[PDB]
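Below is one structure, written out as structure tokens; comments come after it.
In listed order, ligands and their atoms are each counted from 1. Side-chain atoms are counted along with the backbone in the values below, which use heavy atoms only and exclude waters and symmetry mates. Just so it is clear: chains get the letters A, B, ... in the order the sequence lines come, proteins before strands, and each one is counted from 1.
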Number of protein chains: 2
Amino acid sequence: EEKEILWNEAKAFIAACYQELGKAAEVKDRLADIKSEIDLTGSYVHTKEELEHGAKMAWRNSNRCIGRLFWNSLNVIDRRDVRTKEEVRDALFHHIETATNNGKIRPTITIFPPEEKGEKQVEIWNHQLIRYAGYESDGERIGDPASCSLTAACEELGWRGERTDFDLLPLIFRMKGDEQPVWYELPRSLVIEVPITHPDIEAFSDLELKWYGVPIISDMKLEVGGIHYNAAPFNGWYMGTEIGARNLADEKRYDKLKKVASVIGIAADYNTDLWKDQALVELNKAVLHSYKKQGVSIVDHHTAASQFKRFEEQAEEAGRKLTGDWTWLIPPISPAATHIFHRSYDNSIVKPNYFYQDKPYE
Amino acid sequence: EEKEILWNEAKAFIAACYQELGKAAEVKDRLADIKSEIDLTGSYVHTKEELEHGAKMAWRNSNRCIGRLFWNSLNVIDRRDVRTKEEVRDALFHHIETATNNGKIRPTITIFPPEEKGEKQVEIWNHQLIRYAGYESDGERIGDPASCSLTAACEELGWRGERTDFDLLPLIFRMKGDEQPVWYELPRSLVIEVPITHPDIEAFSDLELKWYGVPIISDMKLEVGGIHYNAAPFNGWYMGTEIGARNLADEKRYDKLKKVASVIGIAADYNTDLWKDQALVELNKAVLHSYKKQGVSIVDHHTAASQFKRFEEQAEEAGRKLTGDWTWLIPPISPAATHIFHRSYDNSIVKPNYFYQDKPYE
Ligand code: HEM
Ligand code: HEM
Ligand SMILES: NCc1cccc(OCc2ccc3ccc(N)nc3c2)c1
Ligand SMILES: NCc1cccc(OCc2ccc3ccc(N)nc3c2)c1
Ligand SMILES: C[C@H](O)[C@H](O)[C@H]1CNc2nc(N)[nH]c(=O)c2N1
Ligand SMILES: C[C@H](O)[C@H](O)[C@H]1CNc2nc(N)[nH]c(=O)c2N1
Ligand SMILES: [Cl-]
Ligand SMILES: [Cl-]
């Protein structure tokens, strides 16, 4: 029965993949071999070329991503050979180092063995490989609230955070056959962080804000031709509003706008003064400035939207339908200053793609 | 056949209306009379109470409107008695005066006779009763581009604009039986305008920007219980971002951000400087400041979203489903600083409601 779903997804994927790669003649024979492999084994294994192109197609089809112009230059690392937790840890360390690339961030994905019978071989608990811990106990709030439940689960496993506002969570993942995940502290030499300063306002450093250099999303499932790679962490570089308009600004995140207003010298007393807006713009200028000054890749939302316009143009020229999720593509500051705001997008789901999956804690 | 649609919409509307008004006992008899009136005449006439409550329900059900907390205090003017173009003009003048209310804007709707056999009795051509003209001819762009086609149609009818950037369009409407609409210049004594100045930056007045005090949308159809009031202009007060983030900022509108940047003393050369964002915030501060200084009602988007949160709470308490269009409810600056951004809304269409209708020019 699932052989049916699998074979169907296989046909659809191999045909499209090989057509894009100029390999249309090889489809019939490759499909023959896949049909046999499924019958005999219940599954099939992707060639290196298929897996690479599949992961790139999945980024290309990610409706919520403004950064897709660069889909074809994704660096794909095939780690389907891993079997041990040391190998997994070392692969994850390696991904941090190679994606970071001394600041000149390389979009990269590391792909681990896929689910077999719906059974995961490796289950990554982190939301991102680099993320700060969060704590809330009797009135006291420290760190990133979005990390509270994962932080608590880590401290059930014997990890203990220093309870600064920026503790790095350890890597945490579980291997097939193990009842419990294992965790490993990140080597600080691998993790670039950027202090936030402002180009003109010297007091801005008084806020003692910082953020990490590379967002490496590690909790999504990559699905390609019916094969489910539940562990396949990937990264790009940040768009500054993710940090300045959301991570540092949201009330349920670091909630810094009132402190930003004070250091930039404006009152935070009257809605009509638009002090939240002014604070957001200055915080976002600081974030871009800081990353650039330190030589860590970042894109501003205007440049990102201009790149996305080229992605829409390239889709049309290639004769591919564009899909998109307008509610995620607009940036959270000045969205109507981008072309995205002024058009609509078909939010159809096309595979290969990246998918949410249930948390293993919570 | 349309008697079917009409009678059905009638039943649904009268039942809900009378239930909200405490008049549930009177429904059966009122429906009896409506059934007879439809049979004999092809239509039915709303009581003053029904029409008033229907227009209020239509605002309440307007998914794209952030300003609905105040739905029940809509001032409804019943002008179903008008038969002549002088009466229509005078009603429209009266609406401007009474809605404006010397700056303390009263949300108001004036309701004209409804469509009979799908035949309009009065057809209003204006998008808003007060709006600026726009011109584009051989390279030359003047005024509001969104008004170009209506401006051209007016100049086909013998009107001539002064070709300032802020010419007031005349009222223009057509009566049943007339082949052509008529137009009337607005008396300038009726039209409040606000010069845009900034609270701290004195050079801002050099841009010589202004805007009109009251948005009076005059091209939508109000539908209540199956009766179609295609001419029923209504107004609220502005939310400052409509003026500062869209009318004065959009590239296809007045396109002022580059000029704003220059007068506030910042470079407009690098996307990473976020100069468009900074210019937007200062333009929006100026707009709020200017309206307030002149005593003309306006709301900022933070206060408006806080009022909308109370509207959602009141809907729940009343046991009414909330409907909303997230893409229109978020403001165009700092949307993630509002609660609206962080939730979702059911965009179902519920009647009574306001609806688009085809332009009679174009
Ligand atoms: C190269 C730089 C990149 C930039 C600047 C970028 C930008 C973004 C942004 C701003 C978001 C919205 C995030 C949020 O609001 O929470 C996003 C979503 C997304 N991006 Fe990209 N992206 C990049 C690369 C990548 C890569 C390499 C992949 C995968 C190979 C990817 C897949 C996605 C996906 C799946 C989402 C949606 C996540 C969800 O539904 O929660 N992006 N991207
Ligand atoms: C009292 C102050 C009011 C405020 C501050 C307000 C605010 C707004 C805003 C900001 C929009 C979005 C406009 C755009 O993006 O083009 C809007 C849409 C709307 N408002 Fe309100 N509004 C108010 C009163 C009213 C009244 C009195 C009515 C009708 C009785 C109304 C009906 C609507 C409708 C129908 C739309 C959607 C128009 C469309 O689909 O194009 N509003 N409102
Ligand atoms: N549980 C899945 C889940 C929940 C929330 C966010 C998310 O990913 C957001 C995301 C994904 C990929 C990105 C790539 C680059 C970038 N700058 N931001 C990015 C942000 C994934
Ligand atoms: N052709 C229908 C059409 C097209 C575009 C906009 C519109 O109305 C926008 C609108 C409607 C009512 C409003 C009431 C108050 C306000 N501040 N803005 C408001 C804005 C109506
Ligand atoms: C078609 C596209 O979604 C369009 O730009 C919408 C989006 N959101 C909006 N929101 C508001 N309040 N007003 C608008 O005119 C628009 N335009
Ligand atoms: C559910 C609700 O639409 C939610 O706030 C979405 C809206 N738009 C977004 N857009 C982006 N880029 N990122 C987000 O996290 C969200 N949140
Ligand atoms: Cl993030
Ligand atoms: Cl307007």
Give a yes or no on whether the backbone of [Y] and the side-chain of [X] come within a donor-acceptor separation of less than 3.5 Å.
X: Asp300(A); Y: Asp273(B); value: no
X: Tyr135(A); Y: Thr164(A); value: no
X: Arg310(B); Y: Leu69(B); value: no
X: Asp277(B); Y: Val281(A); value: no
X: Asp346(A); Y: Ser348(A); value: yes

Provide, line by line, the atom pairs where ligand 3 and the protein bring an N/O atom each to a distance under 3.5 Å; else say none.
{"from": "ligand 3", "atom 1": "1 (N)", "to": "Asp219(A)", "atom 2": "OD1", "distance (Å)": "3.4"}
{"from": "ligand 3", "atom 1": "1 (N)", "to": "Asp219(A)", "atom 2": "OD2", "distance (Å)": "3.4"}
{"from": "ligand 3", "atom 1": "17 (N)", "to": "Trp237(A)", "atom 2": "O", "distance (Å)": "2.7"}
{"from": "ligand 3", "atom 1": "17 (N)", "to": "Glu242(A)", "atom 2": "OE2", "distance (Å)": "2.6"}
{"from": "ligand 3", "atom 1": "18 (N)", "to": "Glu242(A)", "atom 2": "OE1", "distance (Å)": "2.7"}
{"from": "ligand 3", "atom 1": "18 (N)", "to": "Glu242(A)", "atom 2": "OE2", "distance (Å)": "3.4"}

Next on the checklist: Strictly under 4.0 angstrom, heavy-atom based: which residues surround ligand 1?
Outcome noted: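 Only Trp59(A), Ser62(A), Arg64(A), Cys65(A), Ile66(A), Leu74(A), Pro107(A), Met220(A), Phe234(A), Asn235(A), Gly236(A), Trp237(A), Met239(A), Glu242(A), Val299(A), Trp328(A), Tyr354(A), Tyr356(A) have heavy atoms that fall under 4.0 Å of ligand 1, ordered by chain and number.
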Exercise answer, ligand 6 polar atom pairs (N/O) under 3.5 angstrom:
{"from": "ligand 6", "atom 1": "5 (O)", "to": "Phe341(B)", "atom 2": "O", "distance (Å)": "2.4"}
{"from": "ligand 6", "atom 1": "8 (N)", "to": "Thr327(A)", "atom 2": "O", "distance (Å)": "2.8"}
{"from": "ligand 6", "atom 1": "10 (N)", "to": "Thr327(A)", "atom 2": "O", "distance (Å)": "3.1"}
{"from": "ligand 6", "atom 1": "12 (N)", "to": "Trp328(A)", "atom 2": "O", "distance (Å)": "2.9"}
{"from": "ligand 6", "atom 1": "15 (O)", "to": "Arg246(A)", "atom 2": "NH1", "distance (Å)": "3.4"}

Checklist entry - Sequence neighbours excluded, which residues qualify as ring pair (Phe, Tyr, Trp, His ring centres under 6.0 Å) partners of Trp59(A)? => result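 Ring pair (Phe, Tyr, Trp, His ring centres under 6.0 Å) check on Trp59(A) returns nothing, list empty.
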Next on the checklist: I'd like to know if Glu20(A) pairs up with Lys56(A) as an ion pair, taking the criterion as any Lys NZ or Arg NE/NH1/NH2 lying under 4.0 Å from an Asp or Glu carboxylate oxygen.
Outcome noted: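 Salt bridge flag = no for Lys56(A) with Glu20(A).
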Item to check | Between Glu156(A) and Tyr361(A): side-chain donor-acceptor atoms closer than 3.5 Å | outcome: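 The answer is no; no qualifying pair exists.
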Checklist entry - Taking atom types as modelled and ignoring hydrogens, do the side chains of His339(A) and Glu312(A) form a donor-acceptor contact shorter than 3.5 angstrom? => result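 A donor-acceptor contact under 3.5 Å links the two side chains.
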Checklist entry - Should the heavy atoms of other residues, nucleotides or ligands under 6.0 Å from CD of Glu97(A) be counted, would the total exceed 12? => result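 Not more than 12 within 6.0 Å, no.
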Next on the checklist: Counting only heavy atoms from other residues, nucleotides and ligands, does the tally under 6.0 Å from CD of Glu313(A) exceed 12?
Outcome noted: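 Atom CD in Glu313(A) is packed in, count exceeds 12.
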Checklist entry - What residue among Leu280(B), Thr241(B), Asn284(B) forms side-chain contact (heavy atoms from CB on, under 4.5 Å) with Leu274(A)? => result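 The passing option is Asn284(B).
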Checklist entry - Passes side chain to side chain contact (heavy atoms under 4.5 Å, CB included), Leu92(A) versus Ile124(A)? Steps please. => result CA-CA 10 Å; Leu92(A) 291 175; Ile124(A) 295 176; 4.3 Å; yes
